[PDB]
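J.: Structure provided below as structure tokens; questions to follow.
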Amino acid sequence: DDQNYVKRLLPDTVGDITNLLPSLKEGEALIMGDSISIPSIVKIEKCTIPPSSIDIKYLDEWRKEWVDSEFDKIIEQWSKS
Amino acid sequence: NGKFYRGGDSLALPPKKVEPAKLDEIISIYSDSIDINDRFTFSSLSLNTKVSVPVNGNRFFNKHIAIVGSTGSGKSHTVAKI
Ligand SMILES: Nc1ncnc2c1ncn2[C@@H]1O[C@H](COP(=O)(O)OP(=O)(O)O)[C@@H](O)[C@H]1O
Ligand SMILES: [Mg+2]
């Protein structure tokens with residue numbers, strides 16, 4: 001539904017664009033408009049001061065010991081919201 | 001003899017000598033169908049800049065004009081030139 005919305009109001013198009021939108025990689029963008037003459041597929045240059053990657057490492061953090069989560073300060077911050 | 005008649009399925013038996021059309025026959029395609037007082041020119045042919053393309057100036061403006069094109073293609077320039 002996003003792709004049919006985007007492709008209809010997209011001012012230009014590129015070759016084989018229907019399957020291109022799911023197959024875009026991580027950080028890969030398709031820019032078109034009147035500020036760029038050729039609709040091009042670009043890789044956005046990696047952010048050196050990132051919005052901090054919020055993706056918790058999961059298996060290795062499960063792999064360690066059963067840690068004692070401090071429920072008291074978690075609840076008391078939940079309490080004041 | 002220099003006057004253009006648009007026809008359909010006119011037969012030329014092969015082989016026939018083929019050369020590029022000169023300036024006057026291409027002019028006769030667009031200029032001859034419109035009376036000289038009725039010609040209104042705002043453009044020329046893309047592949048032959050010497051060939052001017054006139055439209056029927058009365059029929060150009062009574063029947064409404066729809067100028068359509070993408071952003072940055074010059075649509076406002078074509079409107080301004082007309
Ligand atoms: N007949 C023409 N020959 C050469 N360049 C043109 C012609 N018409 C428009 N342009 C160029 O195309 C550019 C786009 O402007 P314009 O067509 O007015 O944009 P829009 O179609 O978005 O209003 C202009 O900067 C102009 O220089
Ligand atoms: Mg404009």
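Each chain of the structure tokens is named A, B, ... in the order shown, its residues numbered from 1; ligands are numbered from 1 in display order.
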Which chain A residues are at most 10 Å from chain B (counting only C-alpha atoms), as an MDAnalysis selection string?
T.: chainID A and resid 11:12 33:35 37
J.: Next, write the just-selected residues to a file, as a PDB file, in the first residue's frame, keeping C-alpha atoms as the atom set.
T.:
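See out20.pdb below for the written result:
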```pdb
ATOM      1  CA  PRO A  11       7.252  12.674 -10.165  1.00  0.00           C
ATOM      2  CA  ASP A  12       9.620  10.410 -12.131  1.00  0.00           C
ATOM      3  CA  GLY A  33      12.881  15.530  -8.127  1.00  0.00           C
ATOM      4  CA  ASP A  34      13.732  18.857  -9.704  1.00  0.00           C
ATOM      5  CA  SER A  35      16.812  19.339  -7.507  1.00  0.00           C
ATOM      6  CA  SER A  37      18.354  15.815 -12.877  1.00  0.00           C
TER       7      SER A  37
END
```
J.: Could you list, as a list in words, all residues that come within 10 Å of ligand 1? Count only C-alpha atoms and all ligand atoms.
T.: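 So, counting only C-alpha atoms and all ligand atoms, the residues near ligand 1 are residues 34 of chain A; 42, 43, 44, 67, 68, 69, 70, 71, 72, 73, 74, 75, 76, 77, 78, 79, 80 and 81 of chain B.
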J.: Counting only C-alpha atoms, which of B:10, B:3, B:23, B:29 gets nearest to residue 49 (chain B)?
T.: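 Distance minimum relative to residue 49 (chain B) lands on B:23.
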J.: Find the residues near residue 17 (chain A): any atom within 10 Å, counting only C-alpha atoms, skip ones fewer than 5 places away on the same chain, and give them as an MDAnalysis selection string.
T.: chainID A and resid 3 7 22:23 30
J.: Keeping only N, CA, C and O atoms, write the selected residues as a short mmCIF file (atom, residue, chain, number, x, y, z; two decimals), in the first residue's frame.
T.:
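Dumped to out29.cif:
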```
data_model
loop_
_atom_site.label_atom_id
_atom_site.label_comp_id
_atom_site.auth_asym_id
_atom_site.auth_seq_id
_atom_site.Cartn_x
_atom_site.Cartn_y
_atom_site.Cartn_z
N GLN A 3 3.81 1.35 -1.48
CA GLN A 3 4.46 1.40 -2.79
C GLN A 3 3.52 1.95 -3.85
O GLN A 3 3.93 2.74 -4.70
N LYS A 7 4.50 5.31 -5.75
CA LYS A 7 4.73 5.25 -7.19
C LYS A 7 3.76 6.13 -7.97
O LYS A 7 4.10 6.63 -9.05
N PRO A 22 11.05 -3.04 -2.41
CA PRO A 22 11.39 -3.99 -1.34
C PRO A 22 12.86 -4.36 -1.29
O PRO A 22 13.37 -4.68 -0.21
N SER A 23 13.56 -4.32 -2.42
CA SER A 23 14.93 -4.82 -2.50
C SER A 23 15.98 -3.76 -2.23
O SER A 23 17.17 -4.03 -2.39
N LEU A 30 16.49 6.04 -3.14
CA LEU A 30 16.19 6.45 -4.51
C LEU A 30 15.70 7.89 -4.46
O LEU A 30 14.62 8.16 -3.93
#
```
J.: Please return as a PyMOL selection string: the residues of chain B that backbone DSSP assigns to helix (DSSP H, G or I).
T.: chain B and resi 23-30+36-38+57-62+75-81
J.: Taking only C-alpha atoms into account, which of A:9, A:81, A:53, A:58 comes nearest residue 32 (chain A)?
T.: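 Going through A:9, A:81, A:53, A:58 one by one, the smallest distance to residue 32 (chain A) is for A:9.
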J.: Among chain B, which ones does DSSP assign to strand (DSSP E or B) (computed from the backbone)? Answer as an MDAnalysis selection string.
T.: chainID B and resid 39:44 52:56
J.: Find the spatial neighbours of region 42-45 of chain A, counting only C-alpha atoms, within a cut-off of 10 Å - ignore same-chain residues fewer than 5 positions away - and output them as a ChimeraX atom specification.
T.: /A:24-31
J.: Between CA of residue 57 (chain A) and CA of residue 80 (chain A), measure the distance and give it in Å to one decimal.
T.: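 Here the two named atoms are 28.6 Å from each other.
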